[PDB]
DNA sequence: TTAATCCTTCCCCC
DNA sequence: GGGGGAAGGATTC
Ligand SMILES: Nc1ncnc2c1ncn2[C@H]1C[C@H](O)[C@@H](COP(=O)(O)OP(=O)(O)OP(=O)(O)O)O1
Ligand SMILES: [Ca+2]
Ligand SMILES: [Ca+2]
Ligand SMILES: [Ca+2]
């Protein structure tokens, strides 16, 4: 096994500089304006000009403007980026059938055959890096290692616009010196629970009796960390499948009044069906994000497909189920369609 | 402070 | 006991 991971640099922000180079060299911040008040919303992402100064992903637009009041702030255009990704996702296909598109900007390539070792592999990196830079004018970072997890870690270490190879020897000094919080699939909450167990390095998972671990962070997540620890992790590069689509919208003012919410709910359903594109779900779920930012949801599965008229009808009833079941106020509302026929 | 998949209960019933 | 499918909360990105 030899995995080659590609992960695009400051993607949205970069795609924006690609569509107006004049931006190149200036702090660019890509926002998601909630429109609940002048400059309300957060930062989807920003290029490095803006990051060394603090402006990172997730901070309020307002807070970001206090730091870099004179940086280009642009409204996110997912679609445009979504299309740019697709094109880049093809150049990559041409480099290996066994390909796994992990997200809008990540893809794992199994070049086990194509290449015969890390020398030739690392060269295929530059070859791929360079080709994407030429065809679409985008810089990316390449990680290469024994398995996907490490191939991804390799990338995290080489960015921005870089390439790195993690060889079995390094894999080992990592299975020992890598910070458990930097292991893919281990978010904050799990990284925390693993702290109270004394597990600070991938290795520590070997000293704890499975059941205690299986009881603290779920079974699968447990067996997963172990294999990574005993260098036995080796999952295949499979072409993932969209198992559910949905959209959510923030409202102008929080609310409880049904009629007051419906219009939004529907706006969500409209957008959601359009995305489906020929797909037909058997499952629908209404998702409400309350004023205290906690999430609540309710849904129903049908023994057949859902037509738009059905979605409308059934979603309103499920929203009523939420409002009833919850006394707080609703800050956001959306729907999710899944279980596609 | 702006999408999707995983994990653990339920509940039906051989 | 345990397959098998639903539902909803919990996490990760
Ligand atoms: N709060 C947020 N709101 C919206 N999008 C977000 C938020 N936080 C993160 N994102 C998105 C922003 C990006 O589009 C996507 C992350 O891109 P990501 O792959 O993690 O790194 P990147 O490689 O493109 O950035 P970097 O320059 O650090 O390498 O996550
Ligand atoms: Ca990326
Ligand atoms: Ca991390
Ligand atoms: Ca990502």
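So this one's X-ray crystallography, 2.9 Å, going by the header.
Yeah, the Cβs are placed from backbone N, Cα and C, and that goes for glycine too.
Here is what Swiss-Prot records for this protein:
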ACT_SITE  A:106  active site
BINDING   A:7, A:105  Mg(2+) binding site
DOMAIN    A:3-187  domain 'UmuC'
SITE      A:12  site 'Substrate discrimination'
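Everything Swiss-Prot records as a feature, shown here on the structure.
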{"residue": "A:7", "record": "Mg(2+) binding site", "DSSP (3 states)": "strand"}
{"residue": "A:12", "record": "site 'Substrate discrimination'", "DSSP (3 states)": "helix"}
{"residue": "A:105", "record": "Mg(2+) binding site", "DSSP (3 states)": "coil"}
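Counting neighbouring Cβ atoms within 10 Å of each of the recorded positions (A:7, A:105, A:106), the lowest count belongs to A:106. For the pair residue A:106 (active site) and residue A:7 (Mg(2+) binding site), the Cα-Cα distance reads 5 Å. Each residue contributes its Cα atom, and for residue A:105 (Mg(2+) binding site) and residue A:12 (site 'Substrate discrimination') these two points are 10 Å apart. The Cβ of residue A:12 (site 'Substrate discrimination') has A:30, A:44, A:45, A:76, A:81 as same-chain neighbours under 8 Å, each 6 or more residues away in sequence.
For ligand 2, the nearby recorded positions are A:7, A:105; that is, of A:7, A:12, A:105, these have a C-beta under 6 Å from one of its atoms.
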